[PDB]
Every structure is written in C-alpha cells, then in structure tokens.
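Working notes, structure below.
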Amino acid sequence: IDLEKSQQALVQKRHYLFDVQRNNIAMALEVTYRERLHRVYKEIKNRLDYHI
Amino acid sequence: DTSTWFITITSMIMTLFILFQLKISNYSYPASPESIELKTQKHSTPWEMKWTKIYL
C-alpha cells in the first residue's frame, strides 16, 4: 500500500512544479514589457516638463 | 564372568553407530526457526529502499 501511493505521489508532484516553471518565467516577460511601455512615456514626460 | 578372549561385541558396536547417526540426524532445532524471520525483514526493507530509490 505505501509503495503504491509512492508511485502516484511523484506524478502529481511533477506536473504541478513543471507548470510553475512555465508561469514563473511568464511573469518575467510581462513586468519587463509593462515597464517598457511605461519608461518610454517617462523620458518623453521629461521634455514635456523641461521646456515649460 | 571374568569373561575372556574379546573377539565378540566390539565389531557389533560400530554397526550401531550407523543407526544412531541416522535417527538423531533428523531432528529440529527451535532456534533455527527464529533466524528465518530476520532475513525476510531486511529484504523487503531494502526492496522498499529499492522502491524509495525508485522515487528518489
């Protein structure tokens, strides 16, 4: 009994953490694209603030 | 009485020690039965360790 569940324990463990590695890198590209759209507004706000 | 001459019994004693080494050789010791329970425990524990290594 204890070695039958030892089969099934590693097949629910592995598919959870192998999609966490999908989504831990998925957030790494959104927060570097959201900060790409935001920064290009910041360095054109400096010229909208300087000449006044 | 003080009997004599001895050519008798002593050749009929070593035929007897083919009998007594036949009967008493087929006996059973209670202790040997406690030894076979020990090796069955360590084998499945290593087999579970072979299953734990099949996990790890």
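Identifiers for the structure tokens are assigned positionally: chains receive A, B, ... in sequence, residues are indexed from 1 per chain, and ligands are indexed from 1 in the order shown.
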Contact table chain B vs chain A, cut-off 9 Å, shortest pair per residue, only C-alpha atoms, as a tab-separated table:
```
residue	atom	partner	partner_atom	distance
B:48	CA	A:3	CA	7.4
B:51	CA	A:3	CA	7.0
B:52	CA	A:6	CA	8.0
B:54	CA	A:7	CA	8.7
B:55	CA	A:6	CA	7.0
```
Write a file of the selected residues as a PDB file, in the first residue's frame, keeping N, CA and C atoms.
```
ATOM      1  N   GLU B  48      11.921  -1.978  -0.324  1.00  0.00           N
ATOM      2  CA  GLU B  48      11.286  -0.673  -0.176  1.00  0.00           C
ATOM      3  C   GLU B  48      12.301   0.444  -0.371  1.00  0.00           C
ATOM      4  N   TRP B  51      12.479   0.721  -3.790  1.00  0.00           N
ATOM      5  CA  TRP B  51      11.324   1.485  -4.245  1.00  0.00           C
ATOM      6  C   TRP B  51      11.444   2.950  -3.847  1.00  0.00           C
ATOM      7  N   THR B  52      12.134   3.229  -2.737  1.00  0.00           N
ATOM      8  CA  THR B  52      12.414   4.615  -2.372  1.00  0.00           C
ATOM      9  C   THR B  52      13.438   5.231  -3.315  1.00  0.00           C
ATOM     10  N   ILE B  54      13.565   4.185  -6.316  1.00  0.00           N
ATOM     11  CA  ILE B  54      12.718   4.341  -7.495  1.00  0.00           C
ATOM     12  C   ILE B  54      11.890   5.618  -7.405  1.00  0.00           C
ATOM     13  N   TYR B  55      11.723   6.156  -6.196  1.00  0.00           N
ATOM     14  CA  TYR B  55      11.178   7.502  -6.064  1.00  0.00           C
ATOM     15  C   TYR B  55      12.291   8.542  -6.105  1.00  0.00           C
TER      16      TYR B  55
END
```
Would you work out the distance separating atom CA of residue 50 of chain A from atom CA of residue 31 of chain A, expressed in Å to one decimal?
-> 28.4 Å
Write out as a PyMOL selection string all residues of chain A that backbone DSSP assigns to helix (DSSP H, G or I).
-> chain A and resi 5-30+34-50
